[PDB]
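The listed protein sequences correspond, in order, to chains A, B, C, D and E. For the first sequence, my numbering assigns the number 1306 to the initial residue and increments by one for each residue that follows. For the second sequence, my numbering assigns the number 144 to the initial residue and increments by one for each residue that follows. For the third sequence, my numbering assigns the number 1372 to the initial residue and increments by one for each residue that follows. For the fourth sequence, my numbering assigns the number 2 to the initial residue and increments by one for each residue that follows. For the fifth sequence, my numbering assigns the number 49 to the initial residue and increments by one for each residue that follows. Yeah, the Cβ is synthetic: ideal placement off N, Cα and C, and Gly gets one too.
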Amino acid sequence: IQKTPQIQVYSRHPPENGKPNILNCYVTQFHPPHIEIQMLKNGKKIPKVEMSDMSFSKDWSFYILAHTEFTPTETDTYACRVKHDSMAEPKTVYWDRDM
Amino acid sequence: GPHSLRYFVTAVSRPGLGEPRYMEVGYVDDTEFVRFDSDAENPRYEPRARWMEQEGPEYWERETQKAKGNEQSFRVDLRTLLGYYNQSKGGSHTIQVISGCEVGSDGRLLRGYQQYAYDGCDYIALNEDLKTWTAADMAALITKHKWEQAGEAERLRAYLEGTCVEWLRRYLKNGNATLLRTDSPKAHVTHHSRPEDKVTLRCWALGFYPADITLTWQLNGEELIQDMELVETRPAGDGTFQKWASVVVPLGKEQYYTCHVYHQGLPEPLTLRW
Amino acid sequence: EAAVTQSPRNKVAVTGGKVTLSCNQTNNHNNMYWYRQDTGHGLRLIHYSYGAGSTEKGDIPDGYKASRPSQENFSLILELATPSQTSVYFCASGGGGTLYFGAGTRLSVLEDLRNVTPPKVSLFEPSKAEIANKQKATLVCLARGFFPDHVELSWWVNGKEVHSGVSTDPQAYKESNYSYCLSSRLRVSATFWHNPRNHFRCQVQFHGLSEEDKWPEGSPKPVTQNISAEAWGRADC
Amino acid sequence: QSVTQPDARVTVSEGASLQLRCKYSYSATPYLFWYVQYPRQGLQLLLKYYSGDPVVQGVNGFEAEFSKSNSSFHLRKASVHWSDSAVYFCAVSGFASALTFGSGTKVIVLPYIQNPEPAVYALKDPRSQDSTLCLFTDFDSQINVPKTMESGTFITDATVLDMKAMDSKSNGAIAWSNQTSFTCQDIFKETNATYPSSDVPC
Amino acid sequence: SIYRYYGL
């Protein structure tokens, strides 16, 4: 019926400020399929957000990967906000740079 | 080595928001290679994997119409369920199915599956005897009596025992240069401070395809497992994956810890130490 | 059982007409069809359905309208009729790929209705010569001057039917531009013909017009009726 | 999803082998079927070849082998026997559920009699004096009953008959004519034996 | 090619 999605915030290439990178948001293990996923920098919802076609594991959970082209700078921050009929309050997660 | 061809079908009702979404996504060795989406520009079976380019127009139009048929097919299935389940049209529901077959290096048939899931739940499935049925609740039963008594198992088994395989083999012949290519993990460890004069060192596995992979920390010999940290492997973005494991260790003891990295692209497992 | 019902069986009507040839189902197959059998093309699909609420076009849909109310029932509609439509239909179900067809239906879409005519049946009695020659009799029946070519002939001896020694012609050979004829035969022993305790009836079933249906003027209405022409066995000498 | 029966009408001696040829065009391996249409009946199922083994074993000596090599699902038999004369439909099913039939084949099975006595007679409607009716009967099936090209004179083509008696498979061709004066002998221009309507003296 | 499912 419903499985709370699991989120992971990270970059694709090993971090390094100054250099252009990409930042994903692997959301998985969730159902119903309908779910809202936002990416953002400094709390201000980031624009151009890429989106992979949805899919689903052998246990029926769906999985989707979101990624934003970007460039890290010691100070600013990033996080992912998702929304799913299951969990009462929408959930957000900040990028723990080394994770 | 064993391979397989599965098909992940899915259709979710859209009470209010138009004709429910239906999708067909195939996979060779869990490698999406082709899909159809009722909600795209102009719904059509399209090549995901690049080696599919080797199939001509007939192919597409064919599967494409097949899709169109299967689409309508489940569209009604939705109603049906609602009936067995006496549900209120209002809310939305979902159906997913597992179709596929597994063959060995000989060409023999390892296993054949057909799995029906409603709203993230096992509704009905074909046994390994590729002849009987396993239901889940009252609903499934009505769907069994009916299903079986149409020769369903039979025609199903044909596909599995035969069609499924004529193709799985065909696909492979066109996409082996891809499919089982090798991408070796690149590891390294990282030391992280922590209160009580302890520390976490996590081991990294980055840039590797396929995705299956086990990694461990060792008690200079023992199975340092019971108390660690692991993260579901993750999709990088360029077809590769990533993963790390770790645990706390007392300072002055780090160097006495070994990490091991096991991946089929590794001429030998990997040994990391701080 | 394992089969599909399709009734009405025979039906005729004028253009512009509108009938509803139905169909029941005692086999829970979800799918259902409606093909059109005509010489020259063989069966041709018009409308099929994956179950309640489903109705998807076929190869020749124009002029037709299918309707899938209940898993079991499936019926075809023809709001506005047309003689182009005159033919033999069959609804069919099929739980997978193993279709099951129904008896069938004779729909003739005449322009002019009072252009029909019940059959004229008459039982010719056996050549005596035949009898001397082969020791067997052969009552030969021929029906004439009926237009809706929807007729079924059966031999009746002493009250019962008989399928043995019968050769009822395949279909109706058009006599003239507006009437046909069906010639069937029976053939018993001479011993059998020669006993006046035997009864021999040749009867034709003729599906004419409805009751609920308008017939002009005063002459007799060409409705559904069975026309028979008996004959009695006679001894020699 | 196409199918094609090259011959609309086949004819063969009873007890012989049978060749009903089908052909199709489908970029894949469409489902194949074979149905039989009898007199006043609805299509009956004889085969279905989903996949796997190219040679299906259907009811009554009917079997057909599939052939991706030359795209074909020919239903053949060994000794076709009379009750099996009828119309057979080949059929495929790919894109969607419905079948797709071919024009179909009308094969015919000539039965035999170890003693044909090709006779002709006249019979009359004992309720309409003068009503003429000629009856050709008990002749060798290898002959094609002469037809007609005159109004008020038609000829039902050869129709086989069988009695509850061993070798009783008989033959029937009817021929009537309303032309003033016309004796059977003239219609059955050239056959054999035309016994006199003249009843043998008592 | 994928199968051609039949109703529930």
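Counting only Cβ pairs nearer than 8 Å, list the residues of chain B close to residue i.
i                    : result
residue 70 (chain D) : Correct list: empty, because the minimum Cβ distance to chain B is about 14 Å.
Tell me where the beta strand (DSSP E) around residue i begins and ends.
i                      : result
residue 288 (chain B)  : Residue 288 (chain B) -> not in any beta strand (DSSP E); alpha helix (DSSP H) instead, spanning 281 to 291.
residue 311 (chain B)  : Premise fails: residue 311 (chain B) lies in the alpha helix (DSSP H), 307 to 317, not in any beta strand (DSSP E).
residue 64 (chain D)   : 64 to 68
residue 1514 (chain C) : 1511 to 1517
residue 238 (chain B)  : 237 to 246
residue 264 (chain B)  : Note, residue 264 (chain B): premise wrong, no beta strand (DSSP E); not H, not E.
residue 1330 (chain A) : 1326 to 1330
residue 297 (chain B)  : Per DSSP, residue 297 (chain B) belongs to no beta strand (DSSP E); it is in the alpha helix (DSSP H), 295 to 301.
residue 346 (chain B)  : 341 to 351
Near residue i, what residues of its chain come up, given a Cβ to Cβ distance below 6 Å and the 5 sequence neighbours on each side ignored?
i                      : result
residue 1338 (chain A) : 1367
residue 1391 (chain A) : 1307, 1309
residue 1401 (chain C) : 1421, 1422
residue 207 (chain B)  : 187, 188
Got a sec? Which residues, its chain only, sit under 8 Å from residue i by beta carbon, not counting five neighbours each side?
i                      : result
residue 1387 (chain C) : 1451, 1452
residue 1329 (chain A) : 1313, 1314, 1315, 1316, 1317, 1370, 1371, 1372
residue 270 (chain B)  : 276, 277
residue 52 (chain D)   : 30
residue 377 (chain B)  : 384, 385, 386
Tell me where the alpha helix (DSSP H) around residue i begins and ends.
i                      : result
residue 1564 (chain C) : 1561 to 1564
residue 215 (chain B)  : 200 to 227
residue 180 (chain B)  : Residue 180 (chain B) -> not in any alpha helix (DSSP H); beta strand (DSSP E) instead, spanning 174 to 180.
residue 1504 (chain C) : 1499 to 1505
residue 38 (chain D)   : First-last for residue 38 (chain D): 32 to 38, but that is the beta strand (DSSP E), not the alpha helix (DSSP H).
residue 158 (chain D)  : Note, residue 158 (chain D): premise wrong, no alpha helix (DSSP H); beta strand (DSSP E) at 154 to 162.
residue 1552 (chain C) : Segment 1550 to 1556 is the beta strand (DSSP E) holding residue 1552 (chain C); no alpha helix (DSSP H) there.
Checking contacts by CB at 8 Å: is residue i closer than that to chain B?
i                      : result
residue 1424 (chain C) : yes
residue 1418 (chain C) : no
residue 1468 (chain C) : yes
residue 1372 (chain A) : yes
Using a Cβ cut-off of 9 Å, pull out every chain E residue sitting near residue i, in sequence order please.
i                      : result
residue 29 (chain D)   : 49
residue 1597 (chain C) : Here the premise fails: no neighbours, minimum Cβ distance about 43 Å.
residue 213 (chain B)  : 50, 51, 52, 53
Does the beta carbon of residue i sit closer than 8 Å to a beta carbon anywhere in chain E?
i                      : result
residue 274 (chain B)  : no
residue 1473 (chain C) : no
Whose C-beta lies closer than 7 Å to the C-beta of residue i among residues of the same chain, with five residues either side of it excluded?
i                      : result
residue 1322 (chain A) : 1377, 1378, 1379
residue 1536 (chain C) : 1557, 1558, 1559
residue 1491 (chain C) : 1514, 1515, 1516
residue 180 (chain D)  : 153, 154
residue 120 (chain D)  : 138, 139, 194, 196
On the premise that residue j lies in contact with residue i, defined as a C-beta separation below 8 Å, what is that separation, rounded to the nearest angstrom?
i                      : j                      : result
residue 2 (chain D)    : residue 93 (chain D)   : 6 Å
residue 100 (chain D)  : residue 1392 (chain C) : Between residue 1392 (chain C) and residue 100 (chain D) the Cβ distance is about 20 Å, and since that is not below 8 Å, they are no contact.
residue 147 (chain B)  : residue 164 (chain B)  : Going by Cβ atoms, the distance from residue 147 (chain B) to residue 164 (chain B) rounds to 26 Å, so no, they are not a contact pair.
residue 1360 (chain A) : residue 177 (chain B)  : Contact flag wrong, Cβ pair sits at about 13 Å.
residue 1577 (chain C) : residue 1522 (chain C) : 5 Å
residue 72 (chain D)   : residue 26 (chain D)   : 7 Å
Would you say residue i reaches chain C, if we count a Cβ-Cβ gap shorter than 8 Å as a contact?
i                     : result
residue 99 (chain D)  : yes
residue 126 (chain D) : yes
residue 171 (chain D) : yes
residue 232 (chain B) : no
Residue i versus chain B: which residues are under 9 Å apart at the beta carbon?
i                      : result
residue 1331 (chain A) : 375, 377, 378
Find the residues of chain B that neighbour residue i, judging by a C-beta separation of less than 7 Å, and give them in chain order.
i                      : result
residue 3 (chain D)    : Result: empty, since nearest Cβ-Cβ is about 13 Å, beyond 7 Å.
residue 36 (chain D)   : Within 7 Å Cβ-Cβ: nothing; residue 36 (chain D) doesn't reach chain B, min ~16 Å.
residue 52 (chain D)   : 301, 305, 306
residue 1383 (chain A) : Simply none; closest approach about 15 Å.
Find the residues of chain A that neighbour residue i, judging by a C-beta separation of less than 8 Å, and give them in chain order.
i                     : result
residue 237 (chain B) : 1336, 1337, 1338
At a CB-CB cut-off below 7 Å, which residues of chain A make contact with residue i?
i                     : result
residue 262 (chain B) : 1306
residue 333 (chain B) : 1403
At least one CB of chain D closer than 8 Å to the CB of residue i: is that the case?
i                      : result
residue 205 (chain B)  : yes
residue 298 (chain B)  : yes
residue 1562 (chain C) : no
List, in chain order, every chain E residue whose beta-carbon is nearer than 7 Å to that of residue i.
i                     : result
residue 295 (chain B) : 54
residue 220 (chain B) : 55, 56
For a contact meaning CB atoms closer than 7 Å, what does residue i contact in chain D?
i                      : result
residue 1465 (chain C) : 98
By the criterion of Cβ-Cβ separation under 9 Å, what are the contact partners of residue i in chain A?
i                     : result
residue 155 (chain B) : 1337, 1338, 1339
Output, in chain order, the set of chain D residues within a Cβ distance shorter than 9 Å of residue i.
i                      : result
residue 1495 (chain C) : 124, 125, 126, 127, 132, 134, 136
Who are the neighbours of residue i on chain D, taking C-beta pairs under 8 Å?
i                     : result
residue 426 (chain B) : Nothing about residue 426 (chain B) can be reported from this structure: the residues present for chain B run from 144 to 417 only.
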